[PDB]
């Protein structure tokens, strides 16, 4: 859900990285800040990586998985790691748990044995994964403070596509708009916008910034609108926000091909230094 700033989210993850290190040295298990630990910065990379990995999983998922489920799963994952160190709870498990919790809260009819079946491994490997999800379900639920309700952009998105193709029937061919805006939603999802802005003023930013990329512009759409342009009363707020967001996607640096393998390597060193 929407927080105040990006620094507020940076301090949160900091407190989570810190808190684990202290309670790591809290059994003389590790040299007071020895090379085993990851920096908050090294945590985010791994998470960016695992969310990317979450999206892939969700895309090949059979039976076809709804946009909202995937979107819900991403939020659980992001919000968990705002207060938990990846050195404590592994993201491969927590992402998978996030997906399962999501299929469940969303009432997306899928059975755990059908869920786990999308994993690329042996029948026992799949079952093991299932057991691990069981292990972490209450925890994830607890870490999200029992608030499992998540509102996605998908709904508002379809709202604006209806509105636009209606006010502008030349754009009755906005089924070209859709794909490009989709491409932009997926990119923005990977950022902290989910935790920082409304899914409405997020979906708006997808339609508009896509149409525009495709040359078109409706000089009076925002003069008009769909549910208060489904965003900030003052047009200005709306405008700098779509700017901010377009910025967020612009500064986004994807998980490093190599850093990830080293970080994955460090991550296990914590999962072997025996709780350190």
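Numbering follows the first chain given and starts at 1.
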Check the entry's C-alpha temperature factors for 218 to 226 and 31 to 39, then say which stretch has the higher mean. 218 to 226
Could you check which stretch, 47 to 55 or 61 to 69, carries the larger mean CA temperature factor in the entry? 61 to 69
Member of 113, 199, 159, 174 with the greatest C-alpha B factor (per the PDB record): 174
Which of these has the highest Cα B-factor in the record: 21, 256, 13, 264? 256
State the tercile, meaning the lowest, middle or highest third, of residue 127 with respect to the CA B-factors recorded for its chain. lowest
Residue 182 - which third its CA temperature factor falls in, relative to the rest of the chain: highest
Quick check for you: using the entry's CA B-factors within this chain, is residue 97 in the lowest, middle or highest third? lowest
Ranked against its chain, the third holding the CA B-factor of residue 166: highest
